[PDB]
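Report on the structure given below.
Protein chains: 2
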Amino acid sequence: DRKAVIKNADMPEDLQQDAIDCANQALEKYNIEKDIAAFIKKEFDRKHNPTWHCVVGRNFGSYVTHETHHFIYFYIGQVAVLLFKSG
Amino acid sequence: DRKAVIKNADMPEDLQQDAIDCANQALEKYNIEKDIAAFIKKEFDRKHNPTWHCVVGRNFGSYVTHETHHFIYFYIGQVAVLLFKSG
Numbered sequence: 003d004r005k006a007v008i009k010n011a012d013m014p015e016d017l018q019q020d021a022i023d024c025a026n027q028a029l030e031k032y033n034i035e036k037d038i039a040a041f042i043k044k045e046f047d048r049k050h051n052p053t054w055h056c057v058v059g060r061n062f063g064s065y066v067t068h069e070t071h072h073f074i075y076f077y078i079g080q081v082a083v084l085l086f087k088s089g
Numbered sequence: 003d004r005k006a007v008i009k010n011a012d013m014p015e016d017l018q019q020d021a022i023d024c025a026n027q028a029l030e031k032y033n034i035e036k037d038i039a040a041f042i043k044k045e046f047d048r049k050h051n052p053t054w055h056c057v058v059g060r061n062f063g064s065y066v067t068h069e070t071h072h073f074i075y076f077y078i079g080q081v082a083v084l085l086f087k088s089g
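Order-wise, the sequence lines are chains A and A'. A prime marks a further copy of an entry chain.
For the record, in the first sequence the residue sitting at position 62 is 64 according to PDB author numbering, with numbers rising by one throughout.
For the record, in the second sequence the residue sitting at position 38 is 40 according to PDB author numbering, with numbers rising by one throughout.
Right, here's the structure in full:
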């Protein structure tokens, strides 16, 4: 549905697409940011192997160390989504 | 200086104290959330071994998988700080 604006990324494009689609689903299901983040993290552990970490919000900055090919940071509207596996 | 309100944690108390003191230093040095987060992450890699991840902001939710004894989530004012090593 909604268009994503990608800020930083390092993923195969099919995995990027899955991340954005997953976030859009989460945003439709939930308005509480903790629940949005949890839905996305859980979907990624289940479909794409553990362990992922997810942050969702309208006001945050981050500095994380990510595993190559397993990282995306994008916006849907005023909402930022950070989704990654650790390096 | 400033009092921290701890929301979730799993750290030795000396490491918790270092995390809060580090965040307070960061908040004094920087107003940009990315820079605050980066300062804290870098301090923790340097003093407490890599690799740490840090998120700082006034509006976010998260769901992450943390290594036992290496996790803290606390507030200073309206600012939340998430600092952890991955499980």
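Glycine included, every Cβ here is placed at the ideal spot set by N, Cα and C.
Using a Cβ-Cβ distance under 9 Å, would residue i count as near chain A'?
i, result
"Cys-56/A", "yes"
"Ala-39/A", "yes"
"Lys-44/A", "yes"
"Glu-15/A", "no"
"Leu-84/A", "yes"
"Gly-79/A", "no"
"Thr-70/A", "no"
Kindly say whether residue i, judged by its beta-carbon, lies nearer than 9 Å to any beta-carbon of chain A.
i, result
"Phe-62/A'", "yes"
"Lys-49/A'", "no"
"residue 2/A'", "Any answer about residue 2/A' is impossible in this case: the structure gives chain A' only from 3 up to 89."
Is the distance from the Cβ of residue i to the Cβ of residue j below 9 Å?
i, j, result
"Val-83/A'", "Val-57/A", "no"
"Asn-10/A'", "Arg-60/A", "no"
"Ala-28/A", "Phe-76/A", "no"
"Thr-53/A'", "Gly-89/A", "yes"
"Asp-3/A", "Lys-49/A", "no"
"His-55/A'", "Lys-44/A'", "no"
Pick out whichever of the options has its Cα sitting closest to the Cα of residue i.
i, options, result
"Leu-85/A", "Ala-25/A, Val-7/A, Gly-79/A", "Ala-25/A"
"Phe-46/A'", "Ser-64/A', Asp-23/A', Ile-8/A'", "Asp-23/A'"
Taking 9 Å as the threshold (beta carbon to beta carbon), is residue i in contact with chain D?
i, result
"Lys-87/A", "In summary, chain D is missing from the structure at hand, where the protein chains are A and A'."
Next on the checklist: For the structure I just gave you, are there three or more beta carbon pairs, one from the region 71-82 of chain A' and one from the region 8-16 of chain A', closer than 8 Å?
Outcome noted: With a cut-off of 8 Å, the region 8-16 of chain A' and the region 71-82 of chain A' count as touching, because enough Cβ pairs lie within range.
Checklist entry - Counting Cβ pairs closer than 8 Å, one from the region 18-34 of chain A' and one from the region 39-50 of chain A, do we hit at least three? => result With the cut-off at 8 Å, the region 18-34 of chain A' and the region 39-50 of chain A do not touch.
Item to check | Selection of the region 19-35 of chain A' by Cβ proximity to chain A, strictly under 8 Å | outcome: Considering only beta carbons, the part of the region 19-35 of chain A' lying closer than 8 Å to chain A consists of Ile-34, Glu-35, in chain order.
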